[PDB]
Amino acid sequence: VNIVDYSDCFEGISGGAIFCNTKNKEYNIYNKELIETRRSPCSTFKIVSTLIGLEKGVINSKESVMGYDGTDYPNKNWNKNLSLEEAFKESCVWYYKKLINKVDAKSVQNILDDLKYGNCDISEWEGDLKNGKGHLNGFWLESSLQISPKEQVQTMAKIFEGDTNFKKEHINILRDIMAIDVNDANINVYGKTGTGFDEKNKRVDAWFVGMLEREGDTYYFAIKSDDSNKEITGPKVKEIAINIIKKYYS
């Protein structure tokens, strides 16, 4: 367990990072207090909800559709019968809400418990309805479910090292749709962004969670901002993550 200083890559944004290599148990932690603090996962939950949907047969491949019904949305790419792969990369909320609402709560509770997914609290299934967004809400979006960056890395490691009961076929679908182009062919990077705003504390929940493969070694990582500047989003934290990977993990 090494405490490290990645602050230069954060360019003044408040946050932390944790990288974990489970072969030689090298835990690299920037901002330990924040890395141990549970927060809403926001759209990073799509990593797990994809696996739930595959396991329950709601979806079956990276092509699978959820029966688009024609509802109008401001994002162009939500207005179509998009595949799993496209809905994951577009972070399409209606697709993943319809997916999870096909699964019974007991099944989800038991999967989260098995994964040790933070507080495993799905009590507010419908999500943060006070924000006015209605069905564009759920327990994983600034609501009851909370997970720390350290727990995110532990969950990613358990899934992608083959230590859960999820089918290998399903884990490989997730790897495929999580793959990121970082303009460096000598590392494979996978992950998912998440963006929320914590109204109580007036801070963002901006995430990038995933894994890095670099010649034999695999690192599981979670990068998280809690800045008060509302302009700090998941995509911005992903930029910071890539700069950390290129500086310190090449």
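Each residue number is its position in the shown sequence, starting from 1.
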property	result
Between the two ranges 229-237 and 17-25, the one averaging a larger CA B factor in the entry	17-25
Stretch with the greater mean C-alpha B-factor as recorded in the entry, comparing 53-61 against 212-220	212-220
From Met66, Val48, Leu34, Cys42, residue of greatest CA B-factor	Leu34
Assigned third (lowest, middle, highest) for the C-alpha B factor of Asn165	highest
Record-listed C-alpha B factor of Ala87: chain third	lowest
Lowest, middle or highest third - CA B-factor, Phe197	highest
Chain-relative CA temperature factor third for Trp207	lowest
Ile180 - Cα temperature factor, lowest/middle/highest third of chain	highest
